[PDB]
*Asks:* 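I am attaching a structure below and will ask some questions about it afterwards.
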Amino acid sequence: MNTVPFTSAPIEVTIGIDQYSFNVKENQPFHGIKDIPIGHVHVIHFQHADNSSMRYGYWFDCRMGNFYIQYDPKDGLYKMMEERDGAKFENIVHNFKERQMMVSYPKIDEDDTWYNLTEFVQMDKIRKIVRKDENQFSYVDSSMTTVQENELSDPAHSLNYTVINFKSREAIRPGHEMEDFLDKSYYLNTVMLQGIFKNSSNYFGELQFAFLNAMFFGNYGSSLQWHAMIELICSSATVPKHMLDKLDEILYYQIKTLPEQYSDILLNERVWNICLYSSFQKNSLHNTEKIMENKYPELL
Amino acid sequence: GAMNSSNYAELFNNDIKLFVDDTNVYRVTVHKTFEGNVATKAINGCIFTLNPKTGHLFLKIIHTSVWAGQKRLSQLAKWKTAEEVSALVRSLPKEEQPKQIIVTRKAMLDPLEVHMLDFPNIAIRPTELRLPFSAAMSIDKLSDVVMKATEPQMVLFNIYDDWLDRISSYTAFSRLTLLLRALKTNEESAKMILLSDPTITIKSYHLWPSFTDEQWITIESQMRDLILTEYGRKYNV
Ligand SMILES: CCNS(=O)(=O)c1ccccc1OC
Ligand SMILES: CCNS(=O)(=O)c1ccccc1OC
């Protein structure tokens with residue numbers, strides 16, 4: 001079990017760690033989060049009590065180093081840092097645990113939610129979407145725009161998701177205009193799966209990462225990317241049966257976890273009614289259709 | 001953006017543009033079968049592709065053989081239209097290619113946009129006007145030639161005859177739309193108006209009679225009356 005210590009908590013802030021969150025008062029004796037499960041990526045995220053504008057946070061994998069949080073009063077935010085001195089770090093953590101000034105990652109044992117939301121998400125792929133190679137962890141916030149959003153302005157700070165565009169030469173073979181536009185299987189299976197992603201795990205990993213950035217930071221370009229990757233599968237007549245079964249499980253847990261009060265902004269009516277009721281896969285997403293109908297019947 | 005009442009004179013500027021109507025591409029008669037079920041029999045159709053400034057009518061005849069063995073024909077018809085429009089543009093030299101294509105029905109937007117991906121500098125636009133181009137098959141010579149075709153074929157007419165020698169393109173387009181609106185509301189009366197006086201003939205290469213300026217004013221007036229009426233005879237006013 002790993003730990004992310006905090007130097008201090010100088011400003012009042014809501015801290016999240018994966019799907020959990022807690023309120024820390026200004027100058028409360030908070031020194032971090034312990035008992036973090038190893039084997040999964042994680043996200044630690046922040047909303048200041050003064051300026052709920054800008055949710056921001058850090059994706060990290062405790063197997064890639066020792067990481068801590070330290071508030072920077074010049075840039076005005078909680079920053080993740082790596083500690084290279086291994087003995088210095090174990091020493092800091094042990095002292096903080098002894099004084100019991102760390103909260104515990106509060107995972108219930110029956111609960112597989114975080115695994116089910118991050119099953120295909122890898123740090124190495126996060127780091128190619130979020131390019132900042134001097135760090136082992138990745139910063140994301142509400143305002144970051146996507147590479148495709150920037151084609152339609154600071155490149156260093158972009159989300160480099162895979163560009164999907166249904167009315168593009170990449171998507172449409174010459175001479176198959178109608179066929180490829182109404183049945184996107186060749187764009188899904190040959191262009192994206194075989195060509196760009198290599199396998200469905202990498203595709204699912206980017207889909208899951210896009211959802212999580214949409215949910216935790218309200219990142220609009222990430223929500224666009226999540227729906228695009230859903231729609232590309234739903235609009236394909238020919239999808240490996242294993243991908244369809246896994247997609248149903250993936251979306252089930254995303255819909256289960258979404259806050260009921262954010263569904264108005266985070267869910268796109270058109271994509272969902274197409275996936276569930278018009279598309280080739282209208283009969284293939286049983287778990288997702290049942291949870292959507294019982295939790296968001298208004299949307300449909 | 002969309003073409004409408006406010007940006008109407010843009011049609012007659014010097015940027016080349018084509019109006020594409022697909023209404024008459026897929027045409028059927030509906031009949032009973034021996035068993036008492038209903039079936040369709042397709043008949044020849046046409047794409048109506050018009051330069052509103054010069055009057056060029058590129059009439060691509062759609063022969064019923066293109067539907068043989070195909071499913072979902074109303075949807076195919078939109079993609080076939082877009083295929084044929086893209087082919088016409090690709091044939092045209094770069095300086096003669098249109099900068100805009102305005103489709104008369106919104107369902108043509110995505111089929112045309114996909115077929116024109118090679119032409120990113122050609123704007124595809126809808127319109128908010130309820131233009132009467134469906135009535136082009138009420139033009140005797142058009143109805144007759146599309147029905148005589150035994151194979152796919154590209155037929156050419158000037159839908160303004162020689163009008164541009166005497167009037168502007170704005171005025172010619174307005175005259176065309178009035179004639180077509182009339183033919184669409186009451187084809188019988190409209191055609192009676194146009195051919196009542198035997199002394200006014202149609203030249204071999206023209207669609208409409210050789211009216212003098214003064215006779216056109218009378219004609220245009222009669223077509224207005226027709227349309228107001230049929231609106232009464234329909235709305236009881
Ligand atoms: C080519 C027969 N003359 S026309 O005026 O009817 C015409 C129709 C279509 C395209 C160009 C045209 O003229 C240059
Ligand atoms: C005066 C020619 N006009 S035409 O284009 O309609 C035509 C062409 C060739 C032969 C006969 C014709 O018409 C009767």
Side-chain angles (χ1 to χ4, degrees), chain B residues 10-25 44-63 80-104 108 112 115-116 119 122-125 131-180 183 191 194-195 198-212 216:
Chain B
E10 185 180 15
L11 300 173
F12 316 107
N13 73 12
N14 295 112
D15 294 359
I16 301 169
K17 44 180 74 71
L18 281 169
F19 261 125
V20 175
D21 185 75
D22 68 316
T23 301
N24 285 307
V25 164
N44 288 344
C46 55
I47 305 167
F48 178 98
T49 297
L50 169 70
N51 187 329
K53 177 107 169 148
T54 63
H56 299 162
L57 173 51
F58 297 82
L59 199 85
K60 178 64 193 239
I61 302 187
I62 300 300
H63 186 262
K80 176 62 170 179
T81 299
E83 189 190 342
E84 292 292 350
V85 166
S86 200
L88 171 60
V89 170
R90 291 156 192 290
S91 74
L92 280 172
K94 195 181 191 163
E95 73 270 26
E96 311 186 3
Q97 287 190 344
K99 294 150 198 158
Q100 298 172 19
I101 300 169
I102 309 159
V103 299
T104 58
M108 280 300 307
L112 194 53
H115 270 282
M116 305 277 298
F119 293 98
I122 299 182
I124 309 305
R125 308 176 56 205
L131 287 161
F133 293 147
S134 73
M137 284 303 91
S138 298
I139 295 169
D140 295 309
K141 301 205 198 172
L142 298 189
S143 200
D144 262 352
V145 64
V146 155
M147 276 353 282
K148 289 177 243 300
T150 59
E151 42 184 309
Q153 186 181 352
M154 169 70 84
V155 159
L156 312 174
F157 294 108
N158 189 305
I159 198 151
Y160 309 152
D161 294 343
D162 60 353
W163 303 342
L164 295 179
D165 299 343
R166 308 187 54 84
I167 66 183
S168 66
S169 61
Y170 177 107
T171 297
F173 188 84
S174 302
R175 178 183 295 166
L176 177 66
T177 56
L178 174 63
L179 292 169
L180 291 180
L183 289 162
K191 295 210 192 187
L194 284 167
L195 323 170
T199 68
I200 319 185
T201 63
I202 301 169
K203 277 296 166 252
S204 60
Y205 58 90
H206 281 170
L207 284 183
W208 314 94
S210 300
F211 290 120
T212 52
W216 268 123

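For ligands, and for the atoms within them, numbers begin at 1 and follow the listed sequence. For the numbers below, each heavy atom of this structure counts, side chains included, while hydrogens, waters and symmetry mates do not. So you know, we letter chains A, B, ... as the sequences are listed, proteins then strands, and number each from 1.
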*Asks:* Give me the one residue out of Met147(B), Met137(B), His63(B), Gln153(B) that meets side-chain contact (heavy atoms from CB on, under 4.5 Å) with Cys46(B).
*Replies:* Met137(B)

*Asks:* Could you tell me which atoms of ligand 2, counted from 1 in the order shown, lie closer than 4.0 angstrom to a heavy atom of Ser204(B)?
*Replies:* 1 (C), 2 (C), 3 (N), 4 (S), 6 (O), 13 (O), 14 (C)

*Asks:* Tell me which pairs pass salt bridge (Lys or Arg N to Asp or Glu O under 4.0 Å) where either residue lies in residues 156-178 of chain B, with sequence neighbours left out.
*Replies:* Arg166(B)-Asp213(B), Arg175(B)-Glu220(B)

*Asks:* Run the salt bridge (charged side-chain N to carboxylate O under 4.0 Å, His left out) test against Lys191(B) and tell me which residues pass, sequence neighbours left out.
*Replies:* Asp140(B), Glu187(B)

*Asks:* Sub-3.5 Å donor-acceptor pair from the side chain of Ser86(B) to the main-chain atoms of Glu83(B), do we have one?
*Replies:* no

*Asks:* In a simple table, one pair per line, please give the protein and ligand 1 atom names for every N or O pair closer than 3.5 Å, along with the distance.
*Replies:*
residue  : atom  : partner   : partner atom : Å
ligand 1 : 6 (O) : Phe157(B) : O            : 3.4
ligand 1 : 6 (O) : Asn158(B) : N            : 3.4

*Asks:* Verify, without hydrogens or angle tests, whether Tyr160(B) (side chain) and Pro52(B) (backbone) share a donor-acceptor contact under 3.5 angstrom.
*Replies:* yes

*Asks:* Sequence neighbours excluded, which residues qualify as salt bridge (charged side-chain N to carboxylate O under 4.0 Å, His left out) partners of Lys60(B)?
*Replies:* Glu84(B)

